[PDB]
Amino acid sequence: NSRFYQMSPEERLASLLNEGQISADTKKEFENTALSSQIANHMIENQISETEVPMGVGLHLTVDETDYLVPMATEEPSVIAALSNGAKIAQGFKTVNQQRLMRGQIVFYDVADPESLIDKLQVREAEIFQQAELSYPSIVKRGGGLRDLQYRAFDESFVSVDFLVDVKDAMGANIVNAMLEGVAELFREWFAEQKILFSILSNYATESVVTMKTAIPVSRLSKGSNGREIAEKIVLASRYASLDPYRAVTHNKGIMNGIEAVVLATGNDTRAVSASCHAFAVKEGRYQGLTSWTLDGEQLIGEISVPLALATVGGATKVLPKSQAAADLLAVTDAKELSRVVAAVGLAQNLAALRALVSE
């Protein structure tokens, strides 16, 4: 409690055993680790062991005519089998649209004249962009950096300056934070009368949304001759999810079984993706499903749209050897392609869940 944060992992475990907080078999199991103790102990604080999540391979996924082998880390049975089944039925997925910009905000408070403050800033945008480069030049040399500023006001007392930043293949926490912390020091020289509450990245990556679709002949749905009937019930089930939040949450949870499994296997931040995806499910003031299914002629059409600010470098994507091994199997080129594969996984998982759900 006092020296635990300075203790070595071996001293921590011995301390817990000696104080009776763990048994001898518990200590032996905590010591049964495959991630290097020097890596683990430097990644987090008070480190003592690791959690092991089985990792399997999702099969038959094809996105934009390209085959993939999807690494999926999950503790839940049938998740990988369902992804492989839905992907085989869909045959292929196609990209509809995609953007990739990370969001940040500098928030003012006790603003007497909100509309006038944003007008002061809108004319000096060229100098805000220049201060952004100075606060983080590396990303600008890599070909990214601030791409757009936006302005919003709330409760007649808050003013949010939004930053849309190209963070390239990283998630962008350090880029955006440092960039906005420097641009905030400039905001304070310009307007000493105004006050800043905080300057931080936003995980609601509405400018990293990917939209994927699939078009399935109803014949492919069932090996029998009931495919059209199964398609109609899939459309109804998907429609019902956007009517009843108690189904929407389960509907989207099923999607995240696949999405989070790839996110985890590749060393990405699972809380960030879950937060942004579930928040994005809130449309028209209501929590709805993240996918849509419609019947057009003899073809079942599915579509998904999710904010996926994923990373192929930084964070835990490289420091953890298993992240790199998973990336070798997946063989994506950049983060944009990762988001496309992950979105297609979500839609494939949704197809398998719905088909199994309504086939009675």
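Residue positions are given as counts along the sequence shown, with the first one as 1.
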| query | finding |
| --- | --- |
| Mean C-alpha temperature factor, higher of 53-61 and 291-299 | 291-299 |
| Mean C-alpha temperature factor, higher of 303-311 and 36-44 | 36-44 |
| Residue with maximal Cα B-factor (values as given in the PDB entry) among 286, 239, 94, 141 | 141 |
| Options 260, 115, 232, 75 - largest CA temperature factor per the record | 115 |
| Chain third (lowest, middle, highest) by recorded CA B-factor, residue given as residue 87 | lowest |
| Chain third (lowest, middle, highest) by recorded CA B-factor, residue given as residue 251 | lowest |
| CA B-factor placement of residue 99, once the chain's modelled residues are sorted into thirds | middle |
| Position of residue 280 among the chain's modelled residues by C-alpha B-factor, lowest, middle or highest third | lowest |
| Modelled-residue ranking by C-alpha temperature factor, third containing residue 264 | lowest |
